[PDB]
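Asker: Below is the structure I would like to discuss, written out as structure tokens.
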Amino acid sequence: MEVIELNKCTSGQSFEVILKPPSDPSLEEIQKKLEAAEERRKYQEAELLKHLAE
Amino acid sequence: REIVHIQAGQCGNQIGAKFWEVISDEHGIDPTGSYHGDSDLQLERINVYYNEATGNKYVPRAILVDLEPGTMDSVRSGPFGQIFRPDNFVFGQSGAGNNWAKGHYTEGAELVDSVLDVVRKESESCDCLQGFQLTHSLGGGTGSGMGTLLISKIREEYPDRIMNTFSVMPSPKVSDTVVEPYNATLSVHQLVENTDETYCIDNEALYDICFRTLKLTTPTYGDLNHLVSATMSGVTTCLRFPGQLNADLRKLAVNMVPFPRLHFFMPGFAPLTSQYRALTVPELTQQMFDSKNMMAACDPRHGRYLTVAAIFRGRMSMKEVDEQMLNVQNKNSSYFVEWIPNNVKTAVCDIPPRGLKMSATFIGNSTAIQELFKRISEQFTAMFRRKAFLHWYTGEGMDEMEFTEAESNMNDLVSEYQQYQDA
Amino acid sequence: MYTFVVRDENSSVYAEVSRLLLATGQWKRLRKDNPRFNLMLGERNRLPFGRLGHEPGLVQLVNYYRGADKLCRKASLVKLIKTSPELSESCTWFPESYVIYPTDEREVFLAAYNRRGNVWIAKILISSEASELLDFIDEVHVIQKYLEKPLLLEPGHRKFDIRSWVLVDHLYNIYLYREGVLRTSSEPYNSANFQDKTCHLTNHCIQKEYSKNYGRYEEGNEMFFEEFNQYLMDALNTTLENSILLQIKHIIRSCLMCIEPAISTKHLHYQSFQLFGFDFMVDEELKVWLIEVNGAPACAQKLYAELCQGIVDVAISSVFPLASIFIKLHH
Amino acid sequence: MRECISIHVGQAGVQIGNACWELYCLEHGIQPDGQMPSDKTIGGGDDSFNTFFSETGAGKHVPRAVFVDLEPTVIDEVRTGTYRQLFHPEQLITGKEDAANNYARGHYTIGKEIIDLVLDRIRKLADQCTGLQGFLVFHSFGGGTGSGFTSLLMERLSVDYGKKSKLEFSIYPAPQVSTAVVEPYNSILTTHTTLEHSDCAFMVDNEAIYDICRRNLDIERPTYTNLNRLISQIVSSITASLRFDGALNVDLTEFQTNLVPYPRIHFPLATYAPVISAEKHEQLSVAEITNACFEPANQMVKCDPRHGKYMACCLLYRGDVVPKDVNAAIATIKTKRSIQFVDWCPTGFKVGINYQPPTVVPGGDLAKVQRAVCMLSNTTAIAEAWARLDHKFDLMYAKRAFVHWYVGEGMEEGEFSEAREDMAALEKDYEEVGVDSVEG
Ligand SMILES: Nc1nc2c(ncn2[C@@H]2O[C@H](COP(=O)(O)OP(=O)(O)OP(=O)(O)O)[C@@H](O)[C@H]2O)c(=O)[nH]1
Ligand SMILES: Nc1ncnc2c1ncn2[C@@H]1O[C@H](COP(=O)(O)OP(=O)(O)CP(=O)(O)O)[C@@H](O)[C@H]1O
Ligand SMILES: Nc1cc(C(F)(F)F)c(-c2cc(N3CCCC3)nc(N3CCOCC3)n2)cn1
Ligand SMILES: Nc1nc2c(ncn2[C@@H]2O[C@H](COP(=O)(O)OP(=O)(O)O)[C@@H](O)[C@H]2O)c(=O)[nH]1
Ligand SMILES: [Ca+2]
Ligand SMILES: [Ca+2]
Ligand SMILES: [Ca+2]
Ligand SMILES: [Ca+2]
Ligand SMILES: [Mg+2]
Ligand SMILES: [Mg+2]
Ligand SMILES: [Mg+2]
């Protein structure tokens, strides 16, 4: 059991205790996914309006 | 925020008027539209159902529709008749003769554009329209036929808004004409496609509650409608009063409807008593799950609950509530599907309805509702196999094939419920 | 009422417990996957302890201690005894054992072996030559000193083992069932050849299959405490309580107290109890040796009713009351 | 001095943010109108509290914070509440209608229409930073906005601030605290999408918060205010190191450096003590409160660390604590508790002490104590909460229950199973790190 890296200030202190040693999607790609979902919504709404028109 | 209320035909307008009497009293609105309450909780969400007119008056966001003037003359003379926007009465003179085809295809078609003009005016001054609630019966002609025509047109104009109905199902025990099963079978298919939530109010159940429980030897439509307006007030509490819930119509439908076609709910209410006695929380909880307090004449023990909302009102122990909700779930352990975790919602609102220290409204999405549709289907088939009374409809331009399809559609719906009852 | 689920359809003990619970009118059996239970009689393997104790309003009890396997697996028991300071590499009532992979102790085994009566048992193969034992394993195992000098019952010159049933409830009370069983070998003990397994293994199955005159001296090769104590009185001028049961109680307490911090469900969001089967050997000096601990034991047929009822009184109804056959091992 | 920007998303995020910024103002002596009498530098400074507060010429201390919700009623409480004067109007962003408990609605449908405005308002806070560290993101797993809009925002923040750290404070769903029935869906969908964008995430299970309020505070029916004031104490002890002089966890990077060896396994368990009812008390010792850090009933997520392995462990003390006492407590606990580390990690503790004791809201439910501690430990045991959540998902998804609401907003069914396979992989990661093989 050893205390290392002891730092003190007027606000408090910090230290470490060792007990044992061991043994991205681009902006375009996001906007594609969001636009794709929009188009799928638009397709489903269009089918609804076609059904209602019938 | 805002909800647009529509009420159509005789039943729809008589139940609608009582709903507005009940909730105006709850929000402190007198029959002149003047606010005279004593709690800011009454005004916090008044805008959901009321517009504020310039004179500090509150006016229901309500459209009253009929194909004959009689019932709407009765509403206007009624208790709260002066609160409604006079522009919002939309009526013809012909009537619909208890005939879905007249409501949906001939007489109703002549009037529907004028109703949509009023809907559009109300929607236009909505800061952010939640959606629409329609009250009607399914056994007549105007509420049934014109009402579902209205729902279809509203969906075309506002495809992304929620649509709810409070729908009165016919029963031969409380019947005006023999063609009611025809009108109701035609309407149900409309509702399967074009509502997000349908509160199924069965006139058989209402009569049996008035007769057996309330000890009303000779129930009247008014006695039936007292039950419905009390239930409607309870189901909409979470919209009308500041809870911690933060519920709107879409949230309600998302949480109650796991499959798009299975959106037909059994409502219930407690207490119903034939009274000054204190009702304890155990009694409230036990009553609201009793089949006898349910307003769709379906035995829930014959099916399984997909989802349940239980709304308690008044000042009571939340701790007692939860203990009883747990207890009643144990007693009904076999009657909840196990593949929707936590599918029973408990909600408490502190404002009691008038004349009760506490009450409870039950909303069940149960597969037992299939019994209601089977009942209608049998009555429909008993006549349709002999083509009886069909001339009333073919005389309006309908073909027999449209009856075949509506019957096939309802039997499909029944099979759908039976599929999930056995999952 | 009270609700329970059954997830081990192969448990003879909890088939009877469940059978008893239903016949009180105050318990209801739900489908196996219904989460809204009070009591889970769980599966032996992969029991989902992590899903217990999260149902609002429900007190939840399960018939297994998460972590008890450390005591109920052969290799684990050996590691637990050597590395627990309360048990220590020194502890006198456990035969010298070694964990051998086909953390491995192959080298310290041969050391003690060369230091030597040099008969060992891997687990089954009993041999006096190390080379035979290690080749057997490669074909995880423990090699244990084989008790070359057992206590032999007369008549018959016959080896036995003692099974003790222990119930640890949700408060970590340790309850030793009054009734134990001796499981006896029918064929006489033969130190000259360990090839013949039938008289060196007292397993009830091995006696029923391999031993002629099985059931010769006592029914089903099972002897109970009343007879055994009476034997120890007649033949050895001592009692079962003094010569044996004091050591048995000591050993049970040591094993279960050692692991209590790791498995206790006090202050946990769900509660555990568990029934254990302890197996002991007795050598000719009336010293008692722990052989193994069984986490899912069966019971002797004549003792099912009493013990399963005892489980209901002590472990289940103590948490879920309705509208002593055990010895409480204090600690 | 390096700045931190807080982002609060949805009702849970907004209401917790209110509780935190209230507590922050109390901890730093900032009045509701934004005035800080003790701050002798008017209109500027690079003090430690300036990581969370900017300054105007009138001497007002303004939270580096943005509030985002898809409906206005929660944030309207902010605009009219006690701390209304703290925030600029540009910081409080509301939409018209909410995500209706629907991830797909928060992420795709409504999210797409407000994401660019949110980013513009965050950019305005960022332009006022001499050296921005990154973001603290507060949200629920279960809400349509908290789940769906947060995951969209985290993606864009990785694009727009690639070199910046992002920490989460996430509310994990519990039926005791009003849930929607689809919260398992929303939780898995947002975890799958956010996982590669978050460096460290502190889950708070409403079940544990609720039970601490019932048991320690003796509040029969805890409110959101009760829960949120308790959550804000834990948040505040986690963020204290950014807002005060110190040497442990002084920037956001250090949270990852100290608590997260493997990137995907970035959910430390928080444990807090003592929680004492203000309506009462004997002052607990360093040894007693440190021991309490290994009691399951004081954890932010209920699970059993005795049946997992530690990868890292930070002890954050507030109040009257000296290092000697901490070592005497740890020596005691190590000989009494089941603290097993993974083999490729030092068995140790990083300790931070801040001498100021916890500040409590006057009139709140929490008593003022002389010393408290928050333990942050990365233990495999927290995977139990993933296992529970994934099981509820599996039950509903097998019947495709409620899926039509998500497909109706333009989400493909394949996003469900993709999200679930990712969670299955996550559960396997914890399993590989944390379990010794059991014998058949
Ligand atoms: N601890 C805590 N949990 C909250 C709070 N508000 C909501 N929750 C929890 O958050 C989840 C619901 O999500 P919300 O944050 O309310 O929803 P939202 O992000 O606003 O999304 P939508 O309203 O669906 O658009 C549930 O699990 C609630 O219990 C809060 O103030 N504190
Ligand atoms: N060290 C030892 N010395 C002598 N005999 C031993 C021994 N270890 C085991 N045995 C014998 O082997 C038999 C079975 O041993 P063990 O209990 O380890 O296997 P097992 O788990 O398959 C049977 P059970 O589960 O019913 O106890 C015991 O009845 C005992 O007679
Ligand atoms: N008329 C009503 C009223 C309510 C309400 F009062 F809000 F509880 C509800 C309901 C049901 C529900 N369920 C979740 C489990 C299955 C039923 N979840 C909710 N909410 C309300 C808003 O927060 C999310 C959950 N709401 C439904 N219909
Ligand atoms: N509960 C209730 N049912 C009614 C009322 N009026 C009519 N009904 C029922 O509604 C059906 C007749 O429809 P109705 O509304 O009168 O016809 P419409 O005017 O053409 O829509 C039958 O099932 C009647 O039993 C009423 O006031 N209350
Ligand atoms: Ca005409
Ligand atoms: Ca027109
Ligand atoms: Ca300054
Ligand atoms: Ca990044
Ligand atoms: Mg009529
Ligand atoms: Mg065994
Ligand atoms: Mg919200």
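Chain identifiers are assigned as A, B, and so on, following the order in which chains appear in the structure tokens; residues are numbered from 1 within each chain, and ligands are numbered from 1 in order of appearance.
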How would you write, as number ranges by chain, the set of residues in region 6-207 of chain C that DSSP gives as strand (DSSP E)?

Answerer: C: 6, 27-29, 39-41, 61-62, 97-100, 120-122, 125-127, 141-145, 160-168, 174-177, 181-184

Asker: Please, which residues of chain D lie no more than 6 Å from chain B when the count uses only C-alpha atoms, and can they be set out as a ChimeraX atom specification?

Answerer: /D:100,181,395-396,401-402

Asker: Could you tell me, counting only C-alpha atoms and all ligand atoms, which protein and nucleic acid residues lie no more than 6 Å from ligand 7, written as a ChimeraX atom specification?

Answerer: /D:39,41-45

Asker: Could you give me, as a ChimeraX atom specification, the residues within 12 Å of region 120-124 of chain C, counting only C-alpha atoms and dropping anything in the same chain fewer than 5 positions from it?

Answerer: /C:73-75,95-101,109-110,112-113,129-138,140-148,194-198,200-201,203,291-292

Asker: Next, the residues of the selection above should be written as a short mmCIF file (atom, residue, chain, number, x, y, z; two decimals), in the first residue's frame with N, CA and C atoms.

Answerer:
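Final file, again_7.cif:
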data_model
loop_
_atom_site.label_atom_id
_atom_site.label_comp_id
_atom_site.auth_asym_id
_atom_site.auth_seq_id
_atom_site.Cartn_x
_atom_site.Cartn_y
_atom_site.Cartn_z
N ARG C 73 -18.17 -26.44 -6.76
CA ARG C 73 -17.39 -26.99 -7.86
C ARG C 73 -16.08 -27.54 -7.33
N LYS C 74 -15.66 -28.68 -7.88
CA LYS C 74 -14.52 -29.41 -7.31
C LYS C 74 -13.26 -28.57 -7.31
N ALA C 75 -12.86 -28.06 -8.48
CA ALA C 75 -11.69 -27.19 -8.55
C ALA C 75 -11.86 -25.96 -7.66
N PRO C 95 -8.83 -33.18 2.56
CA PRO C 95 -7.70 -33.93 2.01
C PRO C 95 -6.87 -33.05 1.08
N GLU C 96 -5.55 -33.19 1.19
CA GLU C 96 -4.62 -32.52 0.29
C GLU C 96 -5.07 -32.69 -1.16
N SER C 97 -5.26 -31.57 -1.85
CA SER C 97 -5.84 -31.57 -3.18
C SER C 97 -5.02 -30.65 -4.09
N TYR C 98 -5.17 -30.86 -5.39
CA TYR C 98 -4.46 -30.05 -6.38
C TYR C 98 -5.32 -29.89 -7.62
N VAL C 99 -5.35 -28.68 -8.17
CA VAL C 99 -6.05 -28.40 -9.42
C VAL C 99 -5.08 -28.59 -10.57
N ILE C 100 -5.46 -29.42 -11.54
CA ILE C 100 -4.59 -29.81 -12.64
C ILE C 100 -5.31 -29.58 -13.96
N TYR C 101 -4.75 -28.67 -14.80
CA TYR C 101 -5.27 -28.52 -16.15
C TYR C 101 -4.63 -29.54 -17.08
N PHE C 109 2.09 -30.74 -7.21
CA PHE C 109 1.56 -32.09 -7.00
C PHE C 109 2.69 -33.11 -6.95
N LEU C 110 3.53 -33.12 -7.99
CA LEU C 110 4.61 -34.08 -8.07
C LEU C 110 5.59 -33.92 -6.92
N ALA C 112 4.93 -32.98 -3.58
CA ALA C 112 4.39 -33.72 -2.45
C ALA C 112 4.35 -35.22 -2.73
N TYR C 113 4.07 -35.60 -3.98
CA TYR C 113 4.05 -37.02 -4.34
C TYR C 113 5.41 -37.66 -4.10
N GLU C 129 0.33 -44.64 -8.82
CA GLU C 129 1.36 -44.06 -9.66
C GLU C 129 0.88 -42.72 -10.19
N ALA C 130 1.72 -41.69 -10.06
CA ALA C 130 1.36 -40.37 -10.56
C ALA C 130 1.18 -40.38 -12.07
N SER C 131 2.08 -41.06 -12.79
CA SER C 131 2.07 -41.02 -14.25
C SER C 131 0.71 -41.44 -14.81
N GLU C 132 0.08 -42.44 -14.20
CA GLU C 132 -1.24 -42.88 -14.65
C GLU C 132 -2.28 -41.79 -14.45
N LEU C 133 -2.19 -41.04 -13.35
CA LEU C 133 -3.19 -40.02 -13.03
C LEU C 133 -3.11 -38.83 -13.99
N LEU C 134 -1.89 -38.40 -14.32
CA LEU C 134 -1.74 -37.23 -15.19
C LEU C 134 -2.10 -37.55 -16.64
N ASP C 135 -1.74 -38.75 -17.12
CA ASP C 135 -2.15 -39.15 -18.46
C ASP C 135 -3.67 -39.22 -18.57
N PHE C 136 -4.34 -39.62 -17.48
CA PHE C 136 -5.80 -39.70 -17.46
C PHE C 136 -6.44 -38.34 -17.66
N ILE C 137 -5.88 -37.29 -17.05
CA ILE C 137 -6.48 -35.96 -17.11
C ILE C 137 -6.41 -35.41 -18.53
N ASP C 138 -5.23 -35.49 -19.16
CA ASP C 138 -5.07 -34.98 -20.52
C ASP C 138 -6.03 -35.66 -21.49
N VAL C 140 -10.42 -29.75 -16.78
CA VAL C 140 -9.91 -29.42 -15.46
C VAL C 140 -10.28 -30.52 -14.46
N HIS C 141 -9.30 -30.99 -13.70
CA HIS C 141 -9.51 -32.04 -12.72
C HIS C 141 -8.77 -31.69 -11.43
N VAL C 142 -9.20 -32.34 -10.34
CA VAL C 142 -8.54 -32.24 -9.05
C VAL C 142 -7.96 -33.61 -8.71
N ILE C 143 -6.71 -33.62 -8.26
CA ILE C 143 -6.11 -34.82 -7.68
C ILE C 143 -6.08 -34.64 -6.17
N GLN C 144 -6.66 -35.60 -5.46
CA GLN C 144 -6.85 -35.53 -4.02
C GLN C 144 -6.24 -36.76 -3.38
N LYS C 145 -5.59 -36.58 -2.23
CA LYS C 145 -5.16 -37.74 -1.45
C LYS C 145 -6.35 -38.65 -1.20
N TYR C 146 -6.18 -39.93 -1.50
CA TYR C 146 -7.22 -40.92 -1.28
C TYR C 146 -7.09 -41.48 0.13
N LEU C 147 -8.19 -41.44 0.88
CA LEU C 147 -8.19 -41.86 2.28
C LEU C 147 -7.98 -43.37 2.33
N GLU C 148 -6.73 -43.78 2.54
CA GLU C 148 -6.41 -45.19 2.46
C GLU C 148 -6.93 -45.96 3.66
N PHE C 194 -7.26 -50.98 -6.52
CA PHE C 194 -8.18 -49.88 -6.82
C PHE C 194 -8.75 -49.97 -8.23
N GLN C 195 -8.42 -51.02 -8.98
CA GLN C 195 -9.03 -51.22 -10.29
C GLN C 195 -10.53 -51.41 -10.17
N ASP C 196 -10.97 -52.15 -9.16
CA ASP C 196 -12.38 -52.46 -8.95
C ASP C 196 -13.02 -51.30 -8.20
N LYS C 197 -13.77 -50.47 -8.92
CA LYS C 197 -14.31 -49.24 -8.36
C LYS C 197 -15.46 -49.47 -7.39
N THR C 198 -16.07 -50.66 -7.39
CA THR C 198 -17.36 -50.81 -6.73
C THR C 198 -17.27 -50.68 -5.21
N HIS C 200 -14.71 -48.94 -3.65
CA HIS C 200 -14.05 -47.68 -3.33
C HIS C 200 -14.93 -46.47 -3.59
N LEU C 201 -16.06 -46.64 -4.27
CA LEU C 201 -17.00 -45.57 -4.59
C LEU C 201 -18.36 -45.93 -4.02
N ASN C 203 -21.10 -44.14 -4.31
CA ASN C 203 -22.19 -43.54 -5.07
C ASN C 203 -23.36 -44.50 -5.19
N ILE C 291 -15.38 -34.05 1.66
CA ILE C 291 -15.08 -34.49 0.31
C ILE C 291 -15.58 -33.50 -0.73
N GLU C 292 -16.85 -33.10 -0.65
CA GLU C 292 -17.37 -32.10 -1.57
C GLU C 292 -18.67 -31.50 -1.04
#

Asker: Could you give me the residues within 7 Å of ligand 9, counting only C-alpha atoms and all ligand atoms, as a count of residues only?

Answerer: 5

Asker: Would you mind listing, as a PyMOL selection string, all residues of chain A that have at least one atom within 8 Å of chain D, where only C-alpha atoms are what counts?

Answerer: chain A and resi 7-27+30+34+36-41+44

Asker: Counting only C-alpha atoms and all ligand atoms, what residues are within 7 Å of ligand 1, given as a count of residues only?

Answerer: 37

Asker: Using only C-alpha atoms, determine which residues of chain D fall within 9 Å of chain C; present them as number ranges by chain.

Answerer: D: 174-176, 207, 295-297, 302-304, 306-307, 336-338, 383-385, 387-388, 391, 438-440

Asker: Would you return as number ranges by chain the members of region 196-225 of chain D that DSSP assigns to helix (DSSP H, G or I) on this structure's backbone?

Answerer: D: 196-197, 206-215, 224-225

Asker: Identify all chain B residues at most 8 Å from chain C by counting only C-alpha atoms; ligands do not count. Present them as a VMD selection string.

Answerer: chain B and resid 322 to 323 326 to 327 330 to 331 333 338

Asker: When you look at residue 20 (chain B) with a cut-off of 8 Å (counting only C-alpha atoms), what residues show up, excluding the ones that are within fewer than 3 positions of it in the same chain? I need them as a list in words.

Answerer: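 Here the answer would be residues 16, 17, 23, 24, 60 and 80 of chain B.
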
Asker: Taking only C-alpha atoms into account, which residues of chain B are within 8 Å of chain A, as a PyMOL selection string?

Answerer: chain B and resi 152+156+159

Asker: Write to file, as a short mmCIF file (atom, residue, chain, number, x, y, z; two decimals), in the first residue's frame, the residues of the selection just made, with N, CA and C atoms.

Answerer:
data_model
loop_
_atom_site.label_atom_id
_atom_site.label_comp_id
_atom_site.auth_asym_id
_atom_site.auth_seq_id
_atom_site.Cartn_x
_atom_site.Cartn_y
_atom_site.Cartn_z
N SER B 152 -62.63 10.38 -42.32
CA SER B 152 -61.84 10.14 -43.52
C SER B 152 -61.39 11.45 -44.17
N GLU B 156 -57.52 13.09 -44.53
CA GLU B 156 -56.92 13.58 -45.77
C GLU B 156 -56.36 14.98 -45.60
N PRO B 159 -53.22 14.62 -42.20
CA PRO B 159 -52.79 13.21 -42.07
C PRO B 159 -51.93 12.93 -40.83
#

Asker: Tell me, in Å to one decimal, how far CA of residue 169 (chain B) is from CA of residue 12 (chain B).

Answerer: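 That distance, rounded to one decimal, is 11.8 Å.
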
Asker: From the set B:237, B:106, B:218, B:88, which residue has the shortest atom-to-atom contact distance to residue 46 (chain B), counting only C-alpha atoms?

Answerer: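 The shortest atom-to-atom distance to residue 46 (chain B) comes from B:237.
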
Asker: Just the residues within 10 Å of region 75-78 of chain B, please, counting only C-alpha atoms, with nothing from its chain fewer than 2 positions along; format it as a PyMOL selection string.

Answerer: chain B and resi 13-14+16-18+21+31+64+70-73+80-84+86+89

Asker: Just want the 6 Å neighbourhood of residue 134 (chain D), counted on only C-alpha atoms, with same-chain residues fewer than 6 positions away dropped. Output as number ranges by chain.

Answerer: D: 4, 164-166

Asker: What's the 10 Å shell around residue 279 (chain C), counting only C-alpha atoms, without same-chain residues fewer than 3 positions away, as a short mmCIF file (atom, residue, chain, number, x, y, z; two decimals) with C-alpha atoms, in the first residue's frame?

Answerer:
data_model
loop_
_atom_site.label_atom_id
_atom_site.label_comp_id
_atom_site.auth_asym_id
_atom_site.auth_seq_id
_atom_site.Cartn_x
_atom_site.Cartn_y
_atom_site.Cartn_z
CA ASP C 161 -19.85 -41.68 3.12
CA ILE C 162 -22.08 -39.34 5.12
CA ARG C 163 -24.42 -36.86 3.45
CA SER C 164 -25.62 -33.89 5.52
CA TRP C 165 -28.33 -31.52 4.29
CA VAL C 181 -27.74 -40.58 5.55
CA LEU C 182 -24.84 -42.95 5.28
CA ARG C 183 -24.48 -44.19 1.71
CA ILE C 248 -19.38 -32.11 10.72
CA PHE C 276 -26.67 -27.77 0.31
CA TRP C 289 -12.95 -35.29 6.16
CA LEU C 290 -14.93 -33.02 3.82
CA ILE C 291 -15.08 -34.49 0.31
CA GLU C 292 -17.37 -32.10 -1.57
CA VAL C 293 -20.32 -29.71 -1.34
CA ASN C 294 -23.37 -30.21 -3.60
#

Asker: Report, in Å with one decimal, the straight-line distance from CA of residue 212 (chain B) to CA of residue 304 (chain B).

Answerer: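 Computed distance, CA of residue 212 (chain B) to CA of residue 304 (chain B), equals 25.5 Å.
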
Asker: Please extract the residues at most 8 Å from ligand 5, counting only C-alpha atoms and all ligand atoms, and provide them as number ranges by chain, using the chain letters and residue numbers of this document.

Answerer: B: 94, 106-107, 110
